[PDB]
Amino acid sequence: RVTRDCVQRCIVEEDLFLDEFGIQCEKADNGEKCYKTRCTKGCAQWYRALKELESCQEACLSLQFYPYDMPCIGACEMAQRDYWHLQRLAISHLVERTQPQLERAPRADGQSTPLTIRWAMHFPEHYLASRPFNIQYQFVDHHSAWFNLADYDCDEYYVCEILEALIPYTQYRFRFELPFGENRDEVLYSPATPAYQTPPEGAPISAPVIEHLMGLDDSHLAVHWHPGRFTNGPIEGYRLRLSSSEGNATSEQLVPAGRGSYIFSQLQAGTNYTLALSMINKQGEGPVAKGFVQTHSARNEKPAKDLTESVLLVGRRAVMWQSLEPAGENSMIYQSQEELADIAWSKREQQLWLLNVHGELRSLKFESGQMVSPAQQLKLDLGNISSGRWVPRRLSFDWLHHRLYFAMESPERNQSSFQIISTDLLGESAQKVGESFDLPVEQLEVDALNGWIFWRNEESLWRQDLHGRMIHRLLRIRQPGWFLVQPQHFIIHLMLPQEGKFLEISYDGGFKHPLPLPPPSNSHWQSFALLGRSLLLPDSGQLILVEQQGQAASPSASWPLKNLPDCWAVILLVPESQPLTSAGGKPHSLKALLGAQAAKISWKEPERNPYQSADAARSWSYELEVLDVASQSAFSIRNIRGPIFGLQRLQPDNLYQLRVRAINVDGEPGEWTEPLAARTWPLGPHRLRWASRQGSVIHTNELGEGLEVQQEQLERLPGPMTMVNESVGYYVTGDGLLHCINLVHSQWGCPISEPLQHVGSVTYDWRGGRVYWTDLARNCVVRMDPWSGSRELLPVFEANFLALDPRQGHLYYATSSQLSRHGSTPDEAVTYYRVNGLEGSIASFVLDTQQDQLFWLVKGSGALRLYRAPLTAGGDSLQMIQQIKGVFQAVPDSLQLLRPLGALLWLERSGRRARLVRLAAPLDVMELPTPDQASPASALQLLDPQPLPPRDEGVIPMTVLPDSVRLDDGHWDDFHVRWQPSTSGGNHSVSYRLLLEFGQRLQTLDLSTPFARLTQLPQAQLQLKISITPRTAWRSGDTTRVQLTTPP
């Protein structure tokens, strides 16, 4: 069925190959020494060879047509390729819809049988038993690297016991890798084996992943963690060890398995701490994860009772003002004849927001030096809310998002719900907040910085965000008292007068240890104020300032309140309690992209902690300094916003190691980030070509700006395209197909007007004027001349990625497993590096000819390793330059040298980013985002600003003169076929390929000398048909055909 294909391809391609030996078949020619006969022999012996599966090269040995039947090898190999494709279609059409399964598990009957596969038997001969294959296992991760087993014993049974070290307690998915063909995306798979979990029994190997280590409060460090990627046995707890940096105070806490946070208590303030997260299971402990954090620096008690900050004392009808300094003023502010509900507080403006039981909003701007102020009503709007009667009960002020939060009362009979609104300062922009509820509101306080609104009803302490999206419970007991959340400590101080507990519940509803409430020094309290660690307790008719140390309930200071014996609420009048912004979290993940004279610096916003909501205030001013390592010219650029910035006008002779700081809205110096490397002047202008998968080619600058699209369109999934000259270029597409295109004059005919299938990569040599492409069908390489269009074959086998060094003619080929250089002599063929069948395959390689260096890519199990090697020293300085972290695969052949920049450029599989590795600083991989007009990209080249040099005629050895072909004086059985040495204009070493035809026998010789010593000739005076093709290490000359007779 495929022999017809062989014959048709042979007759089509009979004259397409102009062999170097000077053999030429015309149509209807029955010459047996020529291409068609060898190809027919190849596809007649191809099946016989496949009986025992011998190599085509050794199957094509000819007893009369030495040394190599290259058309026979080609015919055999394409026969194998077509046969394998046909078998692929057959195996896909018959079944291929059956997965390897595990129905019976390792028993407890004393048989320790590991993974077993009992999978149906639909297989033909040959491919069943003698055919080897590989099995790879899939890692089950929901948010890894796929490896292949190295040990499995099985046969026609297909029950493969695996001694591979599978790590216990990790879910696996198995599958069969069936190798059909040589292309990466030309392989079929077995769909999926049902997920199987290997039994447990080992210590944990992964330390717990710590995701948040906030410095909550001054002495209440908190830590967030979860299971590590690996478990190794069921987990029953964790080991938390905290060690001080200046002391021996080490606290070790143990936590059951199910928990996602932990909080320590009673720590020293203003000192750096470290935390030891340990993952522990039944059989033992595991690794240790370390974290560095310093707790918030507290506010010391300061002048004992002399601080100038005041407090607002509130009674039934009073807004009394009092300051804590000794003999402080007790100036009364304002009186009302109705019952007062609560107050608010503004720091940016000395203005109060009073509200009685009837919802009368009275502005009470604290006049500078005068208590008397207008008490005008601030009648609110209700058209946008509802037409019913609405009387607010509790209110509070937001000092960052200038607003006024209220607790509303609906007029519903027997199911009167309560609601929150967010009006404007004058109270006109009514806004729906959250959902309705039936329990009455007793106190509303809003935390502006971290973005939360806290209220307490008779039962719980519901917490909400500024808008009303997330509502989360905090605590539910009987009749909670007063709480005084402060924005710079992340903890709430909840008082209970009946139980006398005075809790310290944290923001997430966890850490909840009560404190010793100070007993009265003579009753009940309804509020308090927090002056640092000291507690300000407003007793009735007496204000005590107690240093809260437990049993230290002694009044450090007292201020009579004989004008108000029924105080119920106190608020500390300190500017720190309403700060404009909070801790200056340093920017993280600094990234620098550099070009010729411009740079694109991108760095991420400081990460938020879970205690602050989405609507939390995060307004950030930025600044960035740039200094030279050598010149030390430092300059900082302020008034910058956004996570992305573009540097402009870098000065020459400079390195730009860079580091970025974040400036708070107040204007206080932030925390410096880590330094980052840079890059110096390459030369100047460059031109990168981006090949989009849709076929659009886009030219950009070094960074990707200055886009200049091209008017012409390429085919689907193109590869790097090689310029024959300034006009015509070759390229290879994703499915193994090449097209010849013309950039400027499309009407001009290409050297070959039909695209060629099954091609891997193409390269052009400027000195030889010939273009080479890797032919997977023939498993060899061919010669193409853009002018003549003739084909000549080069005996290089399994050639996948090609590159030619034009200086000395050595041809460098990269097979899938081994790398070597093919020269004019067998002794010169030196393998630079060889991989085995398990570590991976060569992905791409580029040749550096000015530096006499060779580079290549080695695809691995889960990472790609860069290498180097000298061409003059065989395998002497192999280096592991960069092992990429993560499963990032580079497109084959996409690796192209960057002579301006002196680096290597390859494109990842995604096609959205490119990676740069520089010779001077290999340890830094530079990202390059693909332009969106070209994303995703399939090929990236750097066009040399220098024009491609013209073809050099100085080579191309002159045709051997027919009159110069003579047989010099020797015996008829030992004589030299001597011709005048073909002279190349560059004095290059000329080699001669000799075709000798005598009778029905053909003798061929590859000679580095202008003479051929012929021995063992059967008879004297024989008529010898001599064909001489003078060849240099780069090009082949015209063939000379001469007939001679042996002289004495």
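Residue positions begin at 1 at the first shown residue.
Technique stated in the header: electron microscopy, 3.9 Å.
Each residue, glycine too, has its Cβ placed from N, Cα and C.
Summarised by DSSP class, the composition of the domain 'Fibronectin type-III 1' (207-300) is 0 helix, 47 strand, 47 coil. Here Swiss-Prot flags 207-300 as domain 'Fibronectin type-III 1', drawing on sequence analysis.
As annotated by Swiss-Prot, domain 'Fibronectin type-III 2' applies to 583-683.
The N-linked glycosylation site feature in Swiss-Prot is assigned to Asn248 (among others).
The annotation N-linked glycosylation site is assigned in Swiss-Prot to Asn272 (among others).
Mapped onto three states, the DSSP output places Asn384 (N-linked glycosylation site) in coil. A simple way to gauge crowding: the CB of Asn384 (N-linked glycosylation site) has 11 other CB atoms within 10 angstroms, across all the protein chains here. Summarising the annotation, Swiss-Prot assigns N-linked glycosylation site to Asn384 (among others) and lists sequence analysis as the type of evidence.
For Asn414 (N-linked glycosylation site), other Cβ atoms within 10 Å of its Cβ number 4. Annotation comment: Swiss-Prot describes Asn414 (among others) as N-linked glycosylation site, evidence class sequence analysis.
Of all Cβ atoms in the shown protein chains, 14 besides its own fall within 10 Å of the Cβ of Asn725 (N-linked glycosylation site). DSSP assigns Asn725 (N-linked glycosylation site) to coil in the three-state reduction, outside any helix or strand. Annotation source Swiss-Prot lists N-linked glycosylation site at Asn725 (among others), citing sequence analysis.
The feature N-linked glycosylation site is assigned by Swiss-Prot to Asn987 (among others), with sequence analysis given as support. Around the Cβ of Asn987 (N-linked glycosylation site), a 10 Å sphere holds 9 further Cβ atoms from the protein chains shown.
Secondary structure of the repeat 'LDL-receptor class B' (769-812), assigned with DSSP and counted as helix (H, G, I), strand (E, B) and coil, comes to 0 helix, 21 strand, 23 coil. What Swiss-Prot lists as repeat 'LDL-receptor class B' is 769-812, and the listing cites experimental evidence.
Within 10 Å of the C-beta atom of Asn248 (N-linked glycosylation site) sit 6 other C-beta atoms, taking all shown protein chains into account. Counting only same-chain residues six or more apart in sequence, the Cβ atoms lying under 8 angstroms from the Cβ of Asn272 (N-linked glycosylation site) belong to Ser245, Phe292, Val293, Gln294.
A break of 8 residues separates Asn522 from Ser523 in the model, with a C-alpha distance of 9 angstrom spanning it. Spanning 19 unmodelled residues, the distance from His143 to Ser144 taken between Cα atoms equals 9 Å. When the Cα of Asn384 (N-linked glycosylation site) is compared against those of the glycosylation sites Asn414, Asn725, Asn987, the shortest separation belongs to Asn414.
Look at the domain 'Fibronectin type-III 2' (583-683): DSSP puts its residues at 0 helix, 38 strand, 63 coil. For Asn414 (N-linked glycosylation site), the nearest neighbour among the glycosylation sites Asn248, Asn725, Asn987, judged by Cα separation, is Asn248. Cα separation, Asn987 (N-linked glycosylation site) to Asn725 (N-linked glycosylation site), rounded: 26 Å.
Under the three-state DSSP scheme, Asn987 (N-linked glycosylation site) falls in the coil class.
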